[PDB]
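Remarks on the structure that follows.
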Protein chains: 2
Amino acid sequence: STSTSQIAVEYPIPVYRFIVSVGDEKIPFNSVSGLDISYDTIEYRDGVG
Amino acid sequence: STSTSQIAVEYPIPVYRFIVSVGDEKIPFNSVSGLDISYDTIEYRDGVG
């Protein structure tokens, strides 16, 4: 017996309903991809271990 | 008391009496099947709903 306000707090969000807004315009899009953070890694390693 | 000219206007048509004509020839056939229209459906769906 989950209440309908409990689902708004506990449940994951489905992807298919989204708003894309390009600048001042907002335009309906079929899909959005990419959009991820990434970092190169720097590795130092010396002789003592 | 339906008149016989009212049946020609209001009543449905029975299937069993038909004429098939292939090109210039007309030839008697036992049954005809298929012969229907059909269309694929194209569905677009974007993010605003």
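Ideal geometry is used to build each Cβ from the backbone, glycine not excepted, and the neighbour counts take in all protein chains shown. Please treat every number below as a calculation from the coordinates, not as lab data.
Points to keep in mind about this one:
Condition check ((1) more than 12 Å from chain B (Cβ to nearest Cβ); (2) within 28 Å of B:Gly49 (Cα to Cα); (3) touching a residue at least 40 places away in the same chain (Cβ under 8 Å); (4) loosely packed, with under 10 Cβ neighbours inside 10 Å) across all residues:
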residue: A:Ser3; (1), (2), (3), (4): yes, yes, no, yes
residue: A:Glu10; (1), (2), (3), (4): yes, yes, no, yes
residue: A:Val15; (1), (2), (3), (4): no, yes, no, yes
residue: A:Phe18; (1), (2), (3), (4): no, yes, no, no
residue: A:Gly23; (1), (2), (3), (4): yes, yes, no, yes
residue: A:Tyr39; (1), (2), (3), (4): yes, no, no, yes
residue: A:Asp46; (1), (2), (3), (4): yes, no, no, yes
residue: A:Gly49; (1), (2), (3), (4): yes, no, no, yes
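- Checking A:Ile13 against (1) closer than 21 Å to B:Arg45 by Cβ; (2) touching a helix residue (DSSP H, G or I) at 6+ places or on another chain (Cβ under 9 Å); (3) among the β-branched types (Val, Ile, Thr), the condition it does not meet: (2)
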